[PDB]
Amino acid sequence: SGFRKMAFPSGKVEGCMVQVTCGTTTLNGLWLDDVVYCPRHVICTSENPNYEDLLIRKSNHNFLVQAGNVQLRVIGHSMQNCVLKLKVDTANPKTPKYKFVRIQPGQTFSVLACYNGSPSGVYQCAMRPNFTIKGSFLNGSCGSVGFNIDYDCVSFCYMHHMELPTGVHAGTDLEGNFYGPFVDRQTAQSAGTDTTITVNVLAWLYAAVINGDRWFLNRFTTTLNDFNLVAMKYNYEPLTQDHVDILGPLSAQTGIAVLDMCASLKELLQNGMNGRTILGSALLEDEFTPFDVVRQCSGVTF
Amino acid sequence: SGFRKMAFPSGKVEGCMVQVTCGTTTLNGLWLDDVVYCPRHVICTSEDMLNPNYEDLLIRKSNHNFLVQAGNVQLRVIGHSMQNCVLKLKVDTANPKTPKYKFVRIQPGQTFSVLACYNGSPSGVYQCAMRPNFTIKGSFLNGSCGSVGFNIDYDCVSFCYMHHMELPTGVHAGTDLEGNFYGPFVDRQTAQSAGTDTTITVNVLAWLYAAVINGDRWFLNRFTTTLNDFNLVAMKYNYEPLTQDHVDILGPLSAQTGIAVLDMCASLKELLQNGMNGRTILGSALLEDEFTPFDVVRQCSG
Ligand SMILES: *C(=N)[C@H](C[C@@H]1CCNC1=O)NC(=O)[C@@H]1[C@@H]2[C@H](CN1C(=O)[C@@H](NC(=O)C(F)(F)F)C(C)(C)C)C2(C)C
Ligand SMILES: CC(C)(C)[C@H](NC(=O)C(F)(F)F)C(=O)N1C[C@H]2[C@@H]([C@H]1C(=O)N[C@H](C=N)C[C@@H]1CCNC1=O)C2(C)C
């Protein structure tokens, strides 16, 4: 039994973390084959940066690349969107099987927080609908990566770039394309209003049922339209026919039809939790996907 | 910024996890140097589960009755010894991935990371605390047994928990790596139960100090309290009594925020008398007791 906020084992990714230094700026790089990936704002001096020019003007020896106590020699450099690629003289002997993926809002991943190329902590995250993440990042955390594991293949999906005024976090996929309407300048930027990831709440209520927690279940059923009208009143994501099909395995497993569980969720939105908890939370949790619930409640290895 | 339940990177422990088989029972082992440590109930059949005589079953085992497997490689068992409730298996090869490690027995309130493993392959990593009643609120299915709890201090791994059994209230019990149970439990399928759990008061106060540091002050008041008056009230809410020792430990957080420990205790007191009233601290509508004073300083300062 049990239900925990659970990260992927971070071992495969720890074998890839390095330290990148430019003048006085130090942050983290992802060392895969003979290339080190890191945010391009590493090159930046104190003084609206012109990255293209700052990059082309700069020699190879200006990039100090440190893998533990070993120096890596940079033998090339190129830009891809908002990520800098440093061509190194050594293929990473610890390189796992990996692909770069870009994730949709509501999709979850593990962040490996690092400082000075040194992995510090791992935590589970969700891509918010406003494309921010509620992470935990201090100074030097930039270049820290988000990832999933599928068997032995690490799918890297996130590189950390910045903290927003609301204490929430912004970054790019490993191809340097920002998630959300952001720019890597010190310019004034702000998270749009977040919404609750409805399908995830429903998956987590299924996790509640599976662990013997049933007080919120009722005998009513609703329709998508009625549910979706109530949802957008509480800043909940619309529920699609897609979502309903993806929760099917959980509906089948528990014997509770999705459109019933939507009625249960509706009552909770309108009525609150009545001084009760669900899986030990006073808040409806939306950072577990349907897959996450199936993975944890079936067990799955790598 | 941000405040996340945060586990240690699992790489150094992933390198040590093995699968141990005896008869039809397979669970997980911890492979350190030329010893595999695992729960001794791996040698129990179905019948044995109620009043196992461990000495009488192990005296009936040869080395070759224990299958130890590391990935594809089957390890060769060359000696078997019992220490309390862990079995120690001497093996041909010393684990080359052996990190700096020590074995540590922790006290209730102390936190660690759990690497949930099945068939010697890791499933996920989460962060736990030893509950006052010597149980943990884990996430463990069939065959999770021998999964370990650890902390990492620089590059030294300290092993503090090995997983043995699930109690009827869906909470978990285990031993230190010397095989002495945390709490009054025994590795038998006889009727046993956890004492009533209490809230880890020192940890909730730590979490409140973090809240101020991350800029949230909605909950403070202008009162102070005596240590005795605090405990007289706090026990009435099933809180762990606060000791002078605990007050000493909070000194640094008290210094950094400028809020006296007994002033913070007045705040906590009022929160219990009222509750949240729809408001939250650090994204929670409950009081968090699974961050220690050390955890908070590490994640918010440096
Ligand atoms: C190890 N592979 C399992 C794992 C359990 C069940 C799912 N999550 C877990 O932590 N553990 C066991 O097989 C141990 C083992 C005998 C019985 N047992 C139990 O987990 C049982 N609990 C108790 O012994 C009891 F009653 F005291 F709570 C069970 C009732 C099956 C849950 C031994 C030797 C303790
Ligand atoms: C909040 C701050 C003023 C620091 C700024 N944010 C904004 O620019 C905004 F406020 F305008 F949004 C910001 O983070 N950066 C400024 C500069 C890079 C980025 C940066 O160096 N990031 C930190 C790096 N190791 C990570 C931080 C530390 C604490 N928690 C984090 O995550 C770039 C946007 C090019």
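Only heavy atoms go into these numbers, but all of them, side chains included; no hydrogens, no water, no symmetry mates. Reminder, nothing fancy here: chain letters follow the sequence lines and each chain counts from 1. First listed ligand is number 1; within each ligand, the first listed atom is number 1.
- Results of the ring pair (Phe, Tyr, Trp, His ring centres under 6.0 Å) test with A:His161 over A:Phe137, A:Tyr179, A:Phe178 single out A:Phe178 as the only residue that passes.
- Scanning all heavy atoms of the two residues, the minimum distance from A:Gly176 to A:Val83 falls at CA-CG2, 3.5 Å.
- Classified by interplanar angle (parallel below 30°, tilted 30° to 60°, perpendicular above 60°), the ring pair B:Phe8/B:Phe150 is tilted.
- With A:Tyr51 contributing its side chain and A:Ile43 its backbone, the two residues share no donor-acceptor pair below 3.5 Å.
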Show the short N or O contacts, below 3.5 Å, that ligand 1 makes with protein N or O atoms; if there are none, say 'none'.
residue  : atom   : partner  : partner atom : Å
ligand 1 : 2 (N)  : B:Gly143 : N            : 3.2
ligand 1 : 8 (N)  : B:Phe140 : O            : 3.1
ligand 1 : 8 (N)  : B:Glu166 : OE1          : 3.3
ligand 1 : 10 (O) : B:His163 : NE2          : 2.5
ligand 1 : 20 (O) : B:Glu166 : N            : 3.4
ligand 1 : 22 (N) : B:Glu166 : O            : 2.8

Problem set entry | Derivation and outcome, side chain to side chain contact (heavy atoms under 4.5 Å, CB included), residues A:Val65 and A:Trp31 | CA-CA 10 Å; A:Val65 177; A:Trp31 177 27; over 6 Å; no
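- Between the side chain of A:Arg4 and the backbone N or O of A:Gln296, no donor-acceptor pair lies under 3.5 Å.
- At a heavy-atom cutoff of 4.0 Å, ligand 2 is surrounded by A:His41, A:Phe137, A:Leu138, A:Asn139, A:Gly140, A:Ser141, A:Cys142, A:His160, A:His161, A:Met162, A:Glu163, A:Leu164, A:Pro165, A:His169, A:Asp184, A:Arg185, A:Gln186, A:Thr187, B:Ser1.
- Side chains of B:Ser121 and B:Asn119: no donor on one and acceptor on the other come within 3.5 Å.
- A salt bridge does not link B:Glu290 to A:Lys5: none of the charged side-chain nitrogens sits closer than 4.0 Å to a carboxylate oxygen.
- For A:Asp292 and A:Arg295, the salt-bridge test passes: some basic side-chain N is under 4.0 Å from an acidic carboxylate O.
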